[PDB]
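Worksheet for the structure shown next.
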Amino acid sequence: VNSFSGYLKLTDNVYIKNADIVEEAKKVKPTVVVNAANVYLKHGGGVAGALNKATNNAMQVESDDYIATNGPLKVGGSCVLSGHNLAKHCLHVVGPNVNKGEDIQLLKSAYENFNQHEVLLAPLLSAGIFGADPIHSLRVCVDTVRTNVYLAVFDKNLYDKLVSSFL
Ligand SMILES: COC(=O)[C@]1(CO)CCN(c2ncnc3[nH]c4cc(F)ccc4c23)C1
C-alpha cells in the first residue's frame, strides 16, 4: 500500500491521473519524482521548469554543479539528484526531443531508467514541449517499465484521450 490517490489503473504496474506533477509531488512526497530533463539539466520550461520553480531554483543550482563535475547526460540517460521539497530524490531522465531531431527509438532507453526504482511519480517522457506523441509515449512506458509508475498528466483533455485510446 502507498499514498497515491485517484489514479486509474492501466496495467499491473502503470497508473495514470490528471494532475499537476508539482502539486502531486508536493502532497505525496514520493521517494522518486521523474523530471523531463535535457542533457544539460537546463530546467527552463515544461515539466522541468515547473519542478525547478517549485524548488525556488535549488534544483537548477544543484544541477549546474552536477554538470560542471560530470558533463552532460546522454539522450536516453538519467541521473539521480535531490528531490528538494518535492520528493526524496529526483530522477532526471532525458527523453528524445523531437523538436531537436532526436531518435524516437531512444524513448525506450529513457523509460528503462525507471526500472531502477521500485515506485515513481513521473510525467510522460518526450511529451509536451519535447514534441513526441503522448499516446506513443504511454505505449512505450507500459511496454518498458516493470516497476510501479504513477503518471501525472497535466492537461485534462490529453488525459481523457490517453485513457480512451488505451489498448
Ligand atoms: C501536452 O503535454 C504536456 O502537458 C507537457 C508539455 O511539455 C509534457 C509533459 N508536461 C507536464 N506533465 C505533467 N505535469 C505537469 N505540470 C506542469 C507544469 C508546467 F508549468 C508545465 C508542464 C507541466 C506538466 C507538460
Side-chain angles (χ1 to χ4, degrees), residues 2-10 14-60 63 73 75-78 81 83-104 106-111 113-114 117 119-142 144-145 147-166:
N2 65 50
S3 159
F4 289 106
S5 180
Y7 287 73
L8 175 67
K9 181 172 181 58
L10 294 174
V14 179
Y15 294 80
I16 195 165
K17 184 183 179 176
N18 174 215
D20 186 340
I21 192 172
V22 169
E23 280 318 299
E24 191 75 6
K26 279 199 291 192
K27 144 182 135 43
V28 175
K29 285 301 225 83
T31 305
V32 180
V33 66
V34 174
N35 181 33
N38 58 54
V39 297
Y40 306 110
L41 302 178
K42 286 173 58 97
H43 309 302
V47 168
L51 290 170
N52 175 60
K53 180 176 173 182
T55 76
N56 181 45
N57 211 51
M59 179 180 283
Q60 190 64 67
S63 293
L73 295 182
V75 179
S78 70
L81 291 172
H84 300 278
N85 53 316
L86 303 179
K88 185 176 199 297
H89 301 110
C90 180
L91 181 69
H92 294 273
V93 180
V94 184
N97 190 324
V98 176
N99 305 316
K100 302 172 175 179
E102 294 166 352
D103 166 25
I104 194 63
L106 289 168
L107 187 53
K108 188 171 183 76
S109 302
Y111 274 117
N113 294 287
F114 290 25
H117 302 278
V119 183
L120 315 87
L121 168 62
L124 284 170
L125 297 180
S126 295
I129 67 174
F130 280 63
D133 178 0
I135 298 179
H136 175 66
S137 181
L138 178 56
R139 186 78 254 165
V140 179
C141 181
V142 158
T144 305
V145 181
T147 55
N148 291 145
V149 56
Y150 288 84
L151 294 169
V153 177
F154 180 57
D155 188 64
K156 173 57 161 156
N157 188 294
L158 175 59
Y159 169 85
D160 286 348
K161 182 197 191 113
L162 285 167
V163 169
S164 294
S165 62
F166 184 70

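For ligands, and for the atoms within them, numbers begin at 1 and follow the listed sequence. Just so you know, these numbers use all the heavy atoms, side chains as well, and skip hydrogens, waters and symmetry mates. Along the sequence shown, residues are numbered consecutively beginning with 1.
Compare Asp20, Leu125, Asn18 by their heavy atoms: the one nearest to atom 17 (C) of ligand 1 is in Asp20.
Counting only heavy atoms of the protein, atom 11 (C) of ligand 1 lies nearest to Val47 CG2, 2.9 Å. When only non-hydrogen protein atoms are considered, atom 15 (C) of ligand 1 lies nearest to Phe154 CB, 3.5 Å. Annotation: atom 21 (C) of ligand 1 to nearest protein heavy atom, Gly46 O, 3.4 Å.
Using modelled atom types, one finds no donor on one side chain facing an acceptor on the other under 3.5 Å when comparing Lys88 with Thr31.
At least one heavy atom of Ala152 lies less than 4.0 angstrom from ligand 1.
Among the candidates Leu162, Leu107, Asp133, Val34, the single residue satisfying the side chain to side chain contact (heavy atoms under 4.5 Å, CB included) test with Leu124 is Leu162.
Classified by interplanar angle (parallel below 30°, tilted 30° to 60°, perpendicular above 60°), the ring pair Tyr7/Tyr150 is perpendicular.
Remark: ligand 1 atoms within the under-4.0 Å shell around heavy atoms of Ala50 are 18 (C), 19 (C), 20 (F).
Counting heavy atoms closer than 4.0 Å to ligand 1, residue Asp155 contributes nothing at all.
Taking distance alone, with nitrogen or oxygen atoms compared against 3.5 Å, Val22 stays at or beyond that limit from ligand 1. Residue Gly128 places at least one N or O, backbone or side chain, under 3.5 Å from an N or O of ligand 1.
Across all their heavy atoms, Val93 and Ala110 have their closest contact at CG1-O, 3.4 Å.
Counting non-hydrogen atoms of other residues, nucleotides and ligands closer than 6.0 Å to NZ of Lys17 gives a total above 12.
Partners of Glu102 by salt bridge (charged side-chain N to carboxylate O under 4.0 Å, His left out), not counting sequence neighbours: none found.
Under the 6.0 Å cut-off for aromatic ring centres, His92 and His43 qualify, their centroids lying closer than that.
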